[PDB]
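Undergrad: Got a structure for you, upload-v7.cif, holding mmCIF, C-alpha atoms and all ligand atoms.
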data_my_file
#
loop_
_atom_site.label_atom_id
_atom_site.label_comp_id
_atom_site.auth_asym_id
_atom_site.auth_seq_id
_atom_site.Cartn_x
_atom_site.Cartn_y
_atom_site.Cartn_z
CA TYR J 1 -2.21 -28.16 26.47
CA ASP J 2 -0.36 -29.84 29.44
CA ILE J 3 3.30 -29.70 28.26
CA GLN J 4 4.39 -32.00 31.16
CA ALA J 5 1.78 -34.79 30.61
CA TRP J 6 4.06 -36.77 28.20
CA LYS J 7 6.22 -37.93 31.15
CA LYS J 8 3.56 -39.94 33.03
CA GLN J 9 2.17 -41.10 29.66
CA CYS J 10 5.67 -42.47 28.84
CA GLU J 11 5.98 -44.04 32.32
CA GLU J 12 2.68 -45.85 31.75
CA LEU J 13 3.68 -46.96 28.25
CA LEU J 14 7.00 -48.29 29.60
CA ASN J 15 5.02 -50.20 32.28
CA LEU J 16 2.92 -51.76 29.45
CA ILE J 17 6.13 -52.60 27.48
CA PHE J 18 7.72 -54.28 30.57
CA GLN J 19 4.54 -56.43 31.03
CA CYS J 20 4.72 -57.49 27.36
CA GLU J 21 6.60 -60.79 26.77
CA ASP J 22 7.97 -59.33 23.49
CA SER J 23 10.10 -56.94 25.60
CA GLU J 24 11.92 -59.87 27.28
CA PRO J 25 15.14 -59.36 25.21
CA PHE J 26 15.13 -55.56 25.59
CA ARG J 27 14.74 -55.00 29.34
CA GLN J 28 18.46 -54.90 30.29
CA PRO J 29 21.85 -54.47 28.57
CA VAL J 30 23.26 -57.08 26.20
CA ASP J 31 25.85 -59.02 28.23
CA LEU J 32 29.14 -59.16 26.29
CA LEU J 33 29.86 -62.53 27.95
CA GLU J 34 26.78 -63.96 26.07
CA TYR J 35 27.44 -61.90 22.85
CA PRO J 36 31.17 -61.26 22.74
CA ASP J 37 31.01 -59.39 19.40
CA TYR J 38 28.04 -57.18 20.34
CA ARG J 39 30.00 -53.90 20.55
CA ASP J 40 31.85 -54.73 17.35
CA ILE J 41 28.47 -54.22 15.61
CA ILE J 42 26.52 -51.93 17.95
CA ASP J 43 28.02 -48.50 18.74
CA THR J 44 25.30 -47.31 21.15
CA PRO J 45 23.57 -49.97 23.24
CA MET J 46 20.10 -49.15 24.54
CA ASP J 47 17.42 -51.02 26.48
CA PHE J 48 14.14 -50.20 28.18
CA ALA J 49 15.56 -50.11 31.72
CA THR J 50 18.02 -47.42 30.56
CA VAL J 51 15.12 -45.50 28.90
CA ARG J 52 13.03 -45.75 32.09
CA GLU J 53 15.95 -44.67 34.31
CA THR J 54 16.70 -41.72 31.99
CA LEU J 55 13.03 -40.65 32.16
CA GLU J 56 12.84 -41.10 35.97
CA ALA J 57 16.12 -39.14 36.45
CA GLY J 58 14.54 -36.18 34.65
CA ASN J 59 17.03 -36.47 31.77
CA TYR J 60 14.49 -36.39 28.95
CA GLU J 61 13.24 -32.95 27.99
CA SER J 62 10.61 -34.17 25.47
CA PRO J 63 8.95 -37.38 24.40
CA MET J 64 10.84 -37.03 21.05
CA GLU J 65 14.10 -37.72 22.94
CA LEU J 66 12.63 -40.82 24.61
CA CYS J 67 11.29 -41.96 21.20
CA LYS J 68 14.81 -41.65 19.68
CA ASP J 69 16.26 -43.96 22.37
CA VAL J 70 13.39 -46.50 22.07
CA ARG J 71 13.86 -46.54 18.28
CA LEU J 72 17.58 -47.20 18.87
CA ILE J 73 16.63 -50.40 20.78
CA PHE J 74 14.85 -51.56 17.63
CA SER J 75 17.48 -50.46 15.12
CA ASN J 76 20.15 -52.18 17.26
CA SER J 77 18.12 -55.43 17.01
CA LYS J 78 17.80 -55.03 13.24
CA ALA J 79 21.57 -54.37 12.93
CA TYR J 80 22.58 -57.28 15.18
CA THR J 81 20.24 -59.97 13.81
CA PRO J 82 21.79 -62.50 11.41
CA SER J 83 18.32 -63.26 9.98
CA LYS J 84 15.11 -61.30 9.51
CA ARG J 85 13.33 -64.39 10.92
CA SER J 86 15.27 -64.56 14.20
CA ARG J 87 13.22 -64.93 17.40
CA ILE J 88 14.60 -61.76 19.00
CA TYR J 89 14.32 -59.57 15.88
CA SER J 90 10.76 -60.83 15.24
CA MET J 91 9.92 -59.80 18.87
CA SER J 92 11.47 -56.37 18.19
CA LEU J 93 9.19 -55.78 15.19
CA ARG J 94 5.99 -56.55 17.15
CA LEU J 95 7.12 -54.45 20.05
CA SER J 96 8.02 -51.61 17.71
CA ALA J 97 4.51 -51.69 16.19
CA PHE J 98 3.04 -51.64 19.70
CA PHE J 99 5.30 -48.75 20.77
CA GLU J 100 4.60 -46.66 17.63
CA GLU J 101 0.80 -47.28 18.00
CA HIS J 102 0.97 -45.97 21.61
CA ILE J 103 3.57 -43.12 21.27
CA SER J 104 1.74 -41.41 18.33
CA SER J 105 -0.81 -39.59 20.61
CA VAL J 106 1.91 -38.74 23.21
CA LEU J 107 4.01 -36.95 20.58
CA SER J 108 0.97 -35.25 18.98
CA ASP J 109 -0.39 -34.02 22.36
CA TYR J 110 3.05 -32.72 23.45
CA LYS J 111 3.70 -30.89 20.15
CA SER J 112 0.14 -29.42 20.26
CA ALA J 113 0.54 -28.30 23.89
CA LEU J 114 3.94 -26.73 23.15
CA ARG J 115 2.62 -24.87 20.06
CA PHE J 116 -0.23 -23.53 22.24
CA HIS J 117 2.33 -22.53 24.93
CA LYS J 118 4.47 -20.62 22.40
CA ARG J 119 1.47 -19.03 20.53
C1 LIG R 201 17.12 -61.61 28.07
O1 LIG R 201 17.70 -60.51 27.36
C2 LIG R 201 19.07 -60.35 27.66
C3 LIG R 201 19.57 -59.06 27.06
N1 LIG R 201 19.34 -58.99 25.63
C4 LIG R 201 20.20 -59.55 24.76
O2 LIG R 201 21.12 -60.27 25.12
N2 LIG R 201 20.02 -59.24 23.44
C5 LIG R 201 18.98 -58.32 22.96
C6 LIG R 201 19.45 -57.62 21.72
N3 LIG R 201 19.84 -58.61 20.71
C7 LIG R 201 19.21 -58.64 19.53
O3 LIG R 201 18.49 -57.71 19.19
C8 LIG R 201 19.34 -59.79 18.63
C9 LIG R 201 18.99 -59.95 17.34
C10 LIG R 201 19.18 -61.31 17.03
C11 LIG R 201 19.62 -61.89 18.10
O4 LIG R 201 19.75 -60.99 19.13
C12 LIG R 201 20.98 -59.40 21.21
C13 LIG R 201 20.56 -60.16 22.43
#
As structure tokens, what does this structure read like?
Ligand SMILES: COCCNC(=O)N1CCN(C(=O)c2ccco2)CC1

TA:
Amino acid sequence: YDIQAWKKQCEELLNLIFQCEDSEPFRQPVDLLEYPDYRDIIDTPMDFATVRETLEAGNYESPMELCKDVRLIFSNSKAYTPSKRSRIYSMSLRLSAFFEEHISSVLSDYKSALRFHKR
């Protein structure tokens, strides 16, 4: 029933993601000097440092909003990859499974707590 607990839970999950080698490609913005066409394909860049800064700034209201931005990291990788067997895309899929496994209880607890609050 703690409707604020999602924020520390998301901080801790981001800490786990940053320790994970599969987050290597996703920790900071794509450099257009390395990938000159990146913004020709990707409309809305996202990375985990941006997600963490948004959280720490107090600019997420709910864990659903954070989840939308994290999912955008993964959909950007799927859109940019020239192969479904690329190194970086393959890393994105494992990291996505990890994130979804861990965010499930954060979303459930928040939605439960908020329903209780509004009862
Ligand atoms: C060390 O990380 C530097 C920042 N990241 C980065 O440059 N990226 C990450 C996003 N990305 C892809 O998802 C992708 C799919 C297939 C090839 O790349 C493009 C490359």

Undergrad: Please determine, counting all atoms listed in the file, which residue among J:36, J:82, J:63, J:58 has the shortest atom-to-atom distance to ligand LIG 201 (chain R).

TA: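 Ranking J:36, J:82, J:63, J:58 by distance to ligand LIG 201 (chain R), first place goes to J:82.
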
Undergrad: Between J:83, J:64, J:70, J:33, single out the one closest to residue 111 in chain J, counting all atoms listed in the file.

TA: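 Using all atoms listed in the file, residue 111 in chain J sits closest to J:64.
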
Undergrad: Can you tell me which residues surround residue 21 in chain J at a distance of at most 9 Å, considering all atoms listed in the file, apart from same-chain residues fewer than 4 positions away, and format the answer as number ranges by chain?

TA: J: 17, 25, 91

Undergrad: For ligand LIG 201 (chain R), list the contacting residues at 6 Å or closer, counting all atoms listed in the file, as a PyMOL selection string.

TA: chain J and resi 24-26+28-31+77+80-81+86+88-89

Undergrad: Enter the distance from CA of residue 106 in chain J to CA of residue 27 in chain J, in Å, rounded to one decimal.

TA: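 So the answer is 21.6 Å.
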
Undergrad: Please list as a list in words every residue within 10 Å of residue 23 in chain J, counting only C-alpha atoms and excluding residues in the same chain fewer than 6 positions away.

TA: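 Within the cut-off, the hits are residues 16, 17, 47, 48, 88, 91, 92, 94, 95 and 96 of chain J.
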
Undergrad: CA of residue 85 in chain J to CA of residue 22 in chain J: how many Å, to one decimal?

TA: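 One can read the CA of residue 85 in chain J to CA of residue 22 in chain J distance as 14.6 Å.
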
Undergrad: May I ask for the distance between CA of residue 52 in chain J and CA of residue 10 in chain J, given in Å to one decimal place?

TA: 8.7 Å

Undergrad: So which residues are close to (12.5, -45.5, 33.3), meaning at most 10 Å away in the file's coordinates with only C-alpha atoms counted, and can you show them as a count of residues only?

TA: 17

Undergrad: Measuring atom to atom with all atoms listed in the file, identify which of J:79, J:18, J:118, J:61 is nearest to residue 44 in chain J.

TA: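 Checking each of J:79, J:18, J:118, J:61 against residue 44 in chain J, counting all atoms listed in the file, the winner is J:79.
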
Undergrad: Just checking: using all atoms listed in the file, which residue out of J:71, J:1, J:40, J:45 ends up closest to residue 117 in chain J?

TA: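 Among the listed residues, the smallest separation from residue 117 in chain J belongs to J:1.
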
Undergrad: Edge lengths and centre in Å to one decimal, as JSON, of the axis-aligned box that encloses all listed atoms of range 82-96 of chain J with 6 Å added on every side?

TA:
{"center_x": 13.9, "center_y": -58.3, "center_z": 14.8, "size_x": 27.8, "size_y": 25.3, "size_z": 22.5}

Undergrad: Which of these, J:13, J:67, J:43, J:38, has the shortest distance to residue 107 in chain J once you count all atoms listed in the file?

TA: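 Once distances to residue 107 in chain J are computed over all atoms listed in the file, the minimum belongs to J:67.
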
Undergrad: For each of J:102, J:84, J:39, J:115, take the minimum atom-to-atom distance to residue 2 in chain J, counting only C-alpha atoms, then give the residue where this is smallest.

TA: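 Of the candidates, the smallest distance to residue 2 in chain J is held by J:115.
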